[PDB]
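Undergrad: Sharing query-v3.tsv below, TSV, C-alpha atoms and all ligand atoms:
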chain	number	residue	atom	x	y	z
A	3	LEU	CA	23.79	10.39	20.06
A	4	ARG	CA	23.52	14.16	19.70
A	5	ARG	CA	20.56	16.02	21.20
A	6	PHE	CA	19.10	18.85	19.11
A	7	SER	CA	16.80	21.75	19.93
A	8	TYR	CA	13.67	22.77	18.05
A	9	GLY	CA	15.49	25.80	16.61
A	10	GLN	CA	18.33	23.68	15.26
A	11	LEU	CA	15.99	21.25	13.50
A	12	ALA	CA	13.80	24.11	12.24
A	13	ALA	CA	16.88	25.72	10.69
A	14	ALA	CA	18.09	22.43	9.25
A	15	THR	CA	14.71	21.83	7.55
A	16	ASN	CA	14.13	25.42	6.39
A	17	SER	CA	11.37	25.89	9.01
A	18	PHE	CA	9.93	22.43	8.27
A	19	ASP	CA	9.14	23.56	4.74
A	20	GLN	CA	6.58	21.50	2.82
A	21	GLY	CA	9.13	21.20	0.01
A	22	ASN	CA	11.56	19.34	2.30
A	23	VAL	CA	9.02	16.59	3.05
A	24	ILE	CA	10.41	13.22	1.88
A	25	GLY	CA	8.00	10.94	3.71
A	26	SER	CA	4.68	11.03	5.46
A	27	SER	CA	2.22	9.00	7.54
A	28	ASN	CA	-0.49	9.63	10.12
A	29	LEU	CA	2.14	9.38	12.85
A	30	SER	CA	5.14	11.22	11.41
A	31	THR	CA	6.49	13.53	8.73
A	32	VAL	CA	10.06	13.02	7.48
A	33	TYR	CA	12.05	16.03	6.24
A	34	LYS	CA	15.33	16.41	4.43
A	35	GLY	CA	17.65	18.53	6.54
A	36	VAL	CA	21.14	20.00	6.53
A	37	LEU	CA	22.77	20.64	9.92
A	43	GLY	CA	28.34	21.00	9.64
A	44	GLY	CA	26.65	20.65	6.27
A	45	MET	CA	25.73	17.02	7.07
A	46	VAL	CA	22.56	15.95	5.22
A	47	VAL	CA	20.02	14.19	7.45
A	48	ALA	CA	16.43	12.99	7.58
A	49	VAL	CA	14.35	14.54	10.36
A	50	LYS	CA	11.50	12.23	11.38
A	51	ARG	CA	9.06	14.38	13.36
A	52	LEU	CA	6.32	12.65	15.33
A	53	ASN	CA	2.73	13.95	15.24
A	54	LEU	CA	2.56	15.01	18.90
A	55	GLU	CA	-0.41	17.30	18.32
A	56	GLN	CA	-2.82	14.76	16.85
A	57	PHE	CA	-1.58	11.43	18.29
A	58	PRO	CA	0.33	12.17	21.50
A	59	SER	CA	0.16	8.72	23.06
A	60	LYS	CA	1.10	6.73	19.96
A	61	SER	CA	3.75	9.32	19.06
A	62	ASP	CA	5.38	8.86	22.46
A	63	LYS	CA	5.39	5.06	22.20
A	64	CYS	CA	6.87	4.97	18.71
A	65	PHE	CA	9.38	7.75	19.48
A	66	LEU	CA	10.67	6.04	22.64
A	67	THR	CA	10.75	2.60	21.01
A	68	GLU	CA	12.66	3.80	17.95
A	69	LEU	CA	15.09	5.93	19.99
A	70	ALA	CA	15.84	3.21	22.55
A	71	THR	CA	16.22	0.50	19.89
A	72	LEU	CA	18.02	2.25	17.07
A	73	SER	CA	20.46	4.00	19.43
A	74	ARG	CA	21.81	0.61	20.57
A	75	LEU	CA	22.02	-1.09	17.14
A	76	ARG	CA	24.68	-0.85	14.42
A	77	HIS	CA	24.94	-2.73	11.15
A	78	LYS	CA	25.61	-1.75	7.57
A	79	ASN	CA	22.08	-2.82	6.48
A	80	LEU	CA	20.29	-0.80	9.17
A	81	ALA	CA	19.34	2.85	9.21
A	82	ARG	CA	21.56	4.97	11.49
A	83	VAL	CA	20.35	7.43	14.14
A	84	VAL	CA	22.40	10.65	14.32
A	85	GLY	CA	20.49	12.11	17.27
A	86	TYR	CA	17.10	13.33	18.42
A	87	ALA	CA	15.06	16.26	19.69
A	88	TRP	CA	12.91	15.79	22.80
A	89	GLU	CA	10.77	18.71	24.00
A	90	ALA	CA	7.41	17.60	25.39
A	91	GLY	CA	4.53	19.43	23.74
A	92	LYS	CA	6.85	21.00	21.12
A	93	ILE	CA	8.90	18.44	19.18
A	94	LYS	CA	9.94	14.80	19.32
A	95	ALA	CA	12.08	13.79	16.38
A	96	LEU	CA	14.72	11.33	15.23
A	97	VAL	CA	17.64	12.63	13.20
A	98	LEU	CA	18.76	9.87	10.85
A	99	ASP	CA	21.36	9.38	8.15
A	100	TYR	CA	19.82	10.61	4.91
A	101	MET	CA	19.19	7.92	2.25
A	102	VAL	CA	19.25	9.77	-1.04
A	103	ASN	CA	17.53	7.08	-3.14
A	104	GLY	CA	14.32	6.86	-1.08
A	105	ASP	CA	12.54	3.64	-0.10
A	106	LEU	CA	11.85	0.31	-1.78
A	107	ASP	CA	8.12	0.94	-2.08
A	108	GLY	CA	8.84	3.87	-4.39
A	109	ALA	CA	11.42	1.81	-6.26
A	110	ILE	CA	8.84	-0.92	-6.96
A	111	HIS	CA	5.78	1.24	-7.52
A	121	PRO	CA	16.31	0.86	-18.94
A	122	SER	CA	15.07	0.18	-15.38
A	123	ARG	CA	17.88	-0.67	-12.97
A	124	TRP	CA	15.64	-3.22	-11.14
A	125	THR	CA	16.74	-6.40	-12.88
A	126	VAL	CA	16.36	-9.82	-11.29
A	127	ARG	CA	19.95	-9.69	-10.04
A	128	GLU	CA	19.45	-6.25	-8.49
A	129	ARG	CA	16.23	-7.30	-6.76
A	130	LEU	CA	18.02	-10.40	-5.43
A	131	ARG	CA	20.77	-8.08	-4.12
A	132	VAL	CA	18.17	-6.09	-2.16
A	133	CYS	CA	16.82	-9.34	-0.75
A	134	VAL	CA	20.33	-10.29	0.43
A	135	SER	CA	20.96	-6.85	1.93
A	136	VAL	CA	17.65	-6.89	3.85
A	137	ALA	CA	18.32	-10.47	5.03
A	138	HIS	CA	21.69	-9.35	6.46
A	139	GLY	CA	19.91	-6.57	8.36
A	140	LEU	CA	17.35	-9.01	9.76
A	141	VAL	CA	19.96	-11.63	10.71
A	142	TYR	CA	21.71	-8.86	12.65
A	143	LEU	CA	18.46	-7.85	14.39
A	144	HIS	CA	17.60	-11.42	15.35
A	145	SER	CA	21.01	-12.56	16.56
A	146	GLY	CA	23.75	-9.93	16.09
A	147	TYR	CA	22.94	-7.95	19.24
A	148	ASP	CA	22.96	-8.99	22.90
A	149	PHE	CA	19.20	-9.65	22.70
A	150	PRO	CA	16.97	-10.52	19.72
A	151	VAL	CA	15.22	-7.49	18.21
A	152	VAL	CA	12.01	-8.17	16.28
A	153	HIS	CA	11.31	-5.35	13.82
A	154	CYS	CA	7.54	-6.11	13.43
A	155	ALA	CA	6.98	-3.84	10.39
A	156	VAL	CA	9.18	-5.27	7.62
A	157	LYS	CA	7.84	-4.03	4.27
A	158	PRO	CA	9.23	-2.07	1.27
A	159	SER	CA	8.45	1.37	2.65
A	160	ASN	CA	10.64	0.48	5.67
A	161	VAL	CA	13.64	-0.32	3.46
A	162	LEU	CA	15.75	2.68	2.43
A	163	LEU	CA	18.24	2.96	-0.44
A	164	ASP	CA	21.83	4.33	-0.22
A	165	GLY	CA	23.61	6.45	-2.77
A	166	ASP	CA	25.10	3.08	-3.78
A	167	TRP	CA	21.55	1.60	-3.87
A	168	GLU	CA	22.40	-0.48	-0.80
A	169	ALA	CA	19.30	-1.40	1.18
A	170	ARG	CA	18.84	-0.64	4.86
A	171	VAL	CA	16.12	-1.70	7.26
A	172	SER	CA	14.57	1.42	8.80
A	173	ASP	CA	11.69	2.55	11.05
A	174	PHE	CA	12.07	0.95	14.47
A	175	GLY	CA	8.89	2.50	15.90
A	176	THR	CA	7.40	-0.98	16.41
A	177	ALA	CA	10.51	-2.96	17.33
A	178	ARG	CA	10.50	-5.34	20.31
A	179	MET	CA	13.58	-6.49	22.17
A	180	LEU	CA	13.11	-9.99	23.59
A	181	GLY	CA	14.56	-10.34	27.10
A	198	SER	CA	-11.16	-5.71	-4.45
A	199	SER	CA	-8.64	-6.19	-1.64
A	200	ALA	CA	-8.72	-8.67	1.25
A	201	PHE	CA	-6.24	-7.01	3.66
A	202	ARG	CA	-5.47	-3.41	2.99
A	203	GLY	CA	-2.56	-1.27	4.10
A	204	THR	CA	-0.05	-2.89	6.40
A	205	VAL	CA	-2.04	-6.04	7.20
A	206	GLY	CA	-0.88	-8.07	4.19
A	207	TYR	CA	2.72	-8.05	5.47
A	208	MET	CA	1.79	-9.41	8.89
A	209	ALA	CA	2.19	-12.92	10.20
A	210	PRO	CA	-1.30	-14.20	11.17
A	211	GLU	CA	-0.29	-14.75	14.82
A	212	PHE	CA	1.03	-11.16	14.95
A	213	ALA	CA	-2.01	-9.61	13.23
A	214	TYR	CA	-4.60	-11.56	15.23
A	215	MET	CA	-2.95	-12.12	18.63
A	216	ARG	CA	0.00	-9.69	18.61
A	217	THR	CA	2.36	-12.62	19.18
A	218	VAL	CA	5.96	-11.49	18.70
A	219	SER	CA	8.84	-13.78	17.76
A	220	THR	CA	11.64	-13.52	15.21
A	221	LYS	CA	9.39	-15.67	12.98
A	222	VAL	CA	7.04	-12.74	12.41
A	223	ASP	CA	9.87	-10.88	10.65
A	224	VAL	CA	10.59	-14.01	8.60
A	225	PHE	CA	6.97	-13.98	7.41
A	226	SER	CA	7.10	-10.29	6.49
A	227	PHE	CA	10.41	-10.84	4.69
A	228	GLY	CA	8.75	-13.52	2.54
A	229	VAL	CA	5.88	-11.18	1.66
A	230	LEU	CA	8.35	-8.39	0.83
A	231	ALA	CA	10.29	-10.64	-1.56
A	232	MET	CA	7.01	-11.67	-3.23
A	233	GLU	CA	6.04	-8.03	-3.75
A	234	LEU	CA	9.56	-7.17	-4.93
A	235	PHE	CA	9.38	-9.85	-7.63
A	236	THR	CA	5.68	-9.70	-8.63
A	237	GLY	CA	5.17	-5.96	-8.37
A	238	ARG	CA	1.99	-6.69	-6.36
A	239	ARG	CA	1.12	-5.24	-2.96
A	240	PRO	CA	0.03	-8.00	-0.56
A	241	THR	CA	-3.54	-6.72	-0.30
A	242	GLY	CA	-4.92	-9.91	-1.88
A	243	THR	CA	-8.25	-10.05	-3.67
A	244	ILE	CA	-11.72	-11.24	-2.74
A	245	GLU	CA	-12.96	-13.49	-5.53
A	246	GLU	CA	-16.60	-13.72	-6.62
A	247	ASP	CA	-17.49	-16.51	-4.16
A	248	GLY	CA	-16.14	-14.27	-1.36
A	249	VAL	CA	-12.93	-16.28	-0.81
A	250	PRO	CA	-9.74	-14.19	-0.50
A	251	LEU	CA	-6.78	-14.95	-2.76
A	252	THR	CA	-3.68	-13.83	-0.87
A	253	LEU	CA	-0.43	-12.89	-2.57
A	254	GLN	CA	1.09	-16.01	-0.97
A	255	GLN	CA	-1.54	-18.26	-2.60
A	256	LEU	CA	-1.07	-16.55	-5.97
A	257	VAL	CA	2.68	-17.15	-5.77
A	258	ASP	CA	2.11	-20.70	-4.49
A	259	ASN	CA	-0.07	-21.49	-7.53
A	260	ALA	CA	2.48	-19.96	-9.91
A	261	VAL	CA	5.48	-21.78	-8.43
A	262	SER	CA	3.63	-25.11	-8.51
A	263	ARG	CA	3.19	-24.64	-12.30
A	264	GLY	CA	6.94	-24.48	-12.96
A	265	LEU	CA	9.02	-21.84	-14.68
A	266	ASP	CA	6.26	-20.78	-17.08
A	267	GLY	CA	3.88	-20.42	-14.15
A	268	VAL	CA	6.43	-18.24	-12.34
A	269	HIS	CA	7.01	-16.13	-15.47
A	270	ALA	CA	3.31	-15.26	-15.70
A	271	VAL	CA	3.31	-13.84	-12.14
A	272	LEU	CA	6.55	-11.82	-12.27
A	273	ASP	CA	6.57	-8.00	-12.35
A	274	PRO	CA	5.74	-7.09	-15.98
A	275	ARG	CA	8.09	-4.08	-15.77
A	276	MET	CA	11.05	-6.37	-14.95
A	277	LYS	CA	13.36	-7.77	-17.64
A	278	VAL	CA	12.95	-11.57	-17.67
A	279	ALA	CA	14.69	-12.77	-20.82
A	280	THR	CA	17.36	-15.32	-19.86
A	281	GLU	CA	16.73	-18.73	-18.37
A	282	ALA	CA	19.05	-17.69	-15.52
A	283	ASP	CA	16.94	-14.66	-14.56
A	284	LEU	CA	13.69	-16.64	-14.60
A	285	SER	CA	15.28	-19.49	-12.63
A	286	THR	CA	16.65	-17.10	-10.00
A	287	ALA	CA	13.26	-15.40	-9.66
A	288	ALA	CA	11.64	-18.83	-9.25
A	289	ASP	CA	14.15	-19.71	-6.51
A	290	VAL	CA	13.49	-16.46	-4.62
A	291	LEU	CA	9.74	-17.05	-4.71
A	292	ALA	CA	10.21	-20.59	-3.41
A	293	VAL	CA	12.27	-19.26	-0.49
A	294	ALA	CA	9.68	-16.51	0.01
A	295	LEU	CA	6.92	-19.15	0.26
A	296	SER	CA	8.79	-21.01	3.03
A	297	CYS	CA	9.27	-17.71	4.86
A	298	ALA	CA	5.52	-16.99	4.63
A	299	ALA	CA	4.29	-20.39	5.87
A	300	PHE	CA	1.17	-20.17	8.02
A	301	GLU	CA	2.67	-21.92	11.05
A	302	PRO	CA	5.62	-20.05	12.63
A	303	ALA	CA	7.42	-23.32	13.37
A	304	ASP	CA	7.43	-24.20	9.64
A	305	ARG	CA	9.25	-20.97	8.77
A	306	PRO	CA	13.05	-20.98	8.50
A	307	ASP	CA	15.23	-18.71	10.58
A	308	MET	CA	16.77	-15.75	8.76
A	309	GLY	CA	20.22	-17.37	8.78
A	310	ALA	CA	18.88	-20.26	6.70
A	311	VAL	CA	17.12	-17.74	4.45
A	312	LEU	CA	20.34	-15.78	4.02
A	313	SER	CA	22.20	-19.01	3.19
A	314	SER	CA	19.72	-19.83	0.41
A	315	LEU	CA	19.95	-16.33	-1.07
A	316	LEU	CA	23.76	-16.33	-0.91
A	317	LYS	CA	23.85	-19.65	-2.78
A	318	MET	CA	21.67	-18.18	-5.51
A	319	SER	CA	23.88	-15.10	-5.73
A	320	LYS	CA	26.91	-17.04	-7.04
A	401	LIG	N1	16.74	8.22	6.72
A	401	LIG	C1	15.91	8.49	5.69
A	401	LIG	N2	16.37	8.99	4.53
A	401	LIG	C2	15.54	9.25	3.50
A	401	LIG	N3	14.22	9.03	3.54
A	401	LIG	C3	13.62	8.54	4.65
A	401	LIG	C4	14.46	8.23	5.81
A	401	LIG	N4	13.63	7.75	6.76
A	401	LIG	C5	12.37	7.75	6.26
A	401	LIG	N5	12.36	8.22	4.99
A	401	LIG	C6	11.17	8.36	4.12
A	401	LIG	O1	10.03	8.61	4.94
A	401	LIG	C7	9.08	7.54	4.83
A	401	LIG	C8	8.41	7.30	6.18
A	401	LIG	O2	9.41	6.94	7.12
A	401	LIG	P1	9.06	5.99	8.39
A	401	LIG	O3	10.24	6.05	9.35
A	401	LIG	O4	8.56	4.64	7.88
A	401	LIG	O5	7.84	6.82	9.00
A	401	LIG	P2	6.49	6.12	9.51
A	401	LIG	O6	6.93	5.29	10.71
A	401	LIG	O7	5.58	7.24	9.96
A	401	LIG	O8	6.01	5.36	8.31
A	401	LIG	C9	9.93	6.35	4.37
A	401	LIG	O9	9.18	5.33	3.71
A	401	LIG	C10	10.92	7.02	3.45
A	401	LIG	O10	10.30	7.28	2.19
A	402	MG	MG	5.98	3.33	11.17
Could you render the structure as structure tokens?

TA:
Amino acid sequence: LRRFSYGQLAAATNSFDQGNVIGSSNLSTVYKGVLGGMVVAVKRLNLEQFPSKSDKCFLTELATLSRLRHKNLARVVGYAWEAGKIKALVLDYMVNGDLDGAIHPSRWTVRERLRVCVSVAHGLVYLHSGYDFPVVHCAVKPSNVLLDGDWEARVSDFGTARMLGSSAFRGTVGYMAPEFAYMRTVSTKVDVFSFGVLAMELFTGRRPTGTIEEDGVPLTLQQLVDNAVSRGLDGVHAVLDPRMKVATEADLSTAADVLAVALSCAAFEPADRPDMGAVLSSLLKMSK
């Protein structure tokens, strides 16, 4: 874990040039950087506008990601830490962006989307049981999945991780387990729920914002998928991402099987959700 100064990260990012910005939120701006010639992502927290939340997310991500290692996780190269001036994570640069941009001839066939599901599941199995304590990510969603130069997926953004020991919901809320959204209850099952929602979005092309129907009742993405799956393969076909090639019986059948796993992941009661190892097992069986 290398420590960097402001001047080093300024030089690496061409004085934090607007043209080097590869990601953005209220809390951080992510820049492409080049250090000996190593290409990196510089995630710079918004100290000036949100000092307290910046500090919490910075410390959480640094403490968590510095102790973890797995091929389907983002990798921390180092950090800068100068109170009032800069707090930043230096991460391995993922040249193919994030899954949200990938979703929203196309390479994203059914088999390739299933491969991403398997890669993310490996990352989450590692988080939940590969380290000395369970780590709950708490913000699993496509914009927190990065893509390699080999298009290998990696779980990123540990600013909300916990170590144990029109639309109905907009923004982030649609990915959140009800007990986490309403009560801030944290268990590995909240990642399982978010994984299910992610798979649903990956295969339908739909953000989990849901819709409020004319009688005022919300139709969640889970309920939409549940209705489609219950109507068989033709029901599933009607709900799949229209930009995705679905021509063979095998591709439709695989998509149907992912959505059925995704529905178990996104069950309302945490105790009815599988653990990620069981999820991974189902996805590995479908991969053969
Ligand atoms: N290591 C990286 N390599 C390439 N792009 C990245 C990397 N980390 C983040 N990004 C881009 O920046 C966006 C925001 O990153 P994230 O860590 O989620 O910040 P925030 O916590 O503020 O959302 C990501 O969705 C992705 O597009
Ligand atoms: Mg975040």

Undergrad: Which is closest to ligand MG 402 (chain A) among A:103, A:125, A:160, A:217, if we use only C-alpha atoms and all ligand atoms?

TA: A:160

Undergrad: Neighbouring residues of ligand LIG 401 (chain A) are defined here as those with any atom at most 7 Å from a ligand atom, counting only C-alpha atoms and all ligand atoms; list them as a list in words.

TA: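 Here is the list of contacting residues: residues 24, 25, 26, 27, 28, 29, 30, 31, 32, 47, 48, 50, 81, 98, 99, 100, 101, 102, 104, 105, 159, 160, 162, 172, 173 and 175 of chain A.
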
Undergrad: Write the residues of the preceding selection, restricted to C-alpha atoms, as a CSV table (one decimal), in the coordinates of the input.

TA:
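Saved the output as part18.csv:
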chain,number,residue,atom,x,y,z
A,24,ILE,CA,10.4,13.2,1.9
A,25,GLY,CA,8.0,10.9,3.7
A,26,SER,CA,4.7,11.0,5.5
A,27,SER,CA,2.2,9.0,7.5
A,28,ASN,CA,-0.5,9.6,10.1
A,29,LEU,CA,2.1,9.4,12.8
A,30,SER,CA,5.1,11.2,11.4
A,31,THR,CA,6.5,13.5,8.7
A,32,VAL,CA,10.1,13.0,7.5
A,47,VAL,CA,20.0,14.2,7.4
A,48,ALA,CA,16.4,13.0,7.6
A,50,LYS,CA,11.5,12.2,11.4
A,81,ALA,CA,19.3,2.8,9.2
A,98,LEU,CA,18.8,9.9,10.8
A,99,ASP,CA,21.4,9.4,8.2
A,100,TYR,CA,19.8,10.6,4.9
A,101,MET,CA,19.2,7.9,2.2
A,102,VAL,CA,19.2,9.8,-1.0
A,104,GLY,CA,14.3,6.9,-1.1
A,105,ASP,CA,12.5,3.6,-0.1
A,159,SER,CA,8.4,1.4,2.6
A,160,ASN,CA,10.6,0.5,5.7
A,162,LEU,CA,15.8,2.7,2.4
A,172,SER,CA,14.6,1.4,8.8
A,173,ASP,CA,11.7,2.6,11.0
A,175,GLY,CA,8.9,2.5,15.9

Undergrad: Can you tell me which residues surround residue 8 (chain A) at a distance of at most 8 Å, considering all atoms listed in the file, apart from same-chain residues fewer than 3 positions away, and format the answer as a ChimeraX atom specification?

TA: /A:11-12,87,89,92-93

Undergrad: Next, dump the selected residues to file, keeping only C-alpha atoms, as a compact mmCIF listing (two decimals), in the frame of the given file.

TA:
# COMPACT_ATOMS: atom_id res chain seq x y z
CA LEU A 11 15.99 21.25 13.50
CA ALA A 12 13.80 24.11 12.24
CA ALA A 87 15.06 16.26 19.69
CA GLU A 89 10.77 18.71 24.00
CA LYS A 92 6.85 21.00 21.12
CA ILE A 93 8.90 18.44 19.18

Undergrad: Which residue, A:90, A:155, A:224, A:130, has the smallest gap to ligand MG 402 (chain A) when you use all atoms listed in the file?

TA: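 Closest to ligand MG 402 (chain A) of all the choices is A:155.
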
Undergrad: I need the residue nearest residue 128 (chain A) from this list: A:161, A:169, A:294, A:312. Use all atoms listed in the file for the distance.

TA: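 Checking each of A:161, A:169, A:294, A:312 against residue 128 (chain A), counting all atoms listed in the file, the winner is A:169.
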
Undergrad: Compare A:228, A:240, A:165, A:158 by their minimum atom-to-atom distance to ligand MG 402 (chain A), counting only C-alpha atoms and all ligand atoms, and give me the closest one.

TA: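 Selected residue with least distance to ligand MG 402 (chain A): A:158.
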
Undergrad: Kindly indicate which residue among A:292, A:231, A:66, A:298 lies nearest to residue 131 (chain A), using all atoms listed in the file for the distances.

TA: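 The shortest atom-to-atom distance to residue 131 (chain A) comes from A:231.
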
Undergrad: Using CA of residue 212 (chain A) and CA of residue 148 (chain A) as the two end points, give the distance in Å to one decimal.

TA: 23.4 Å
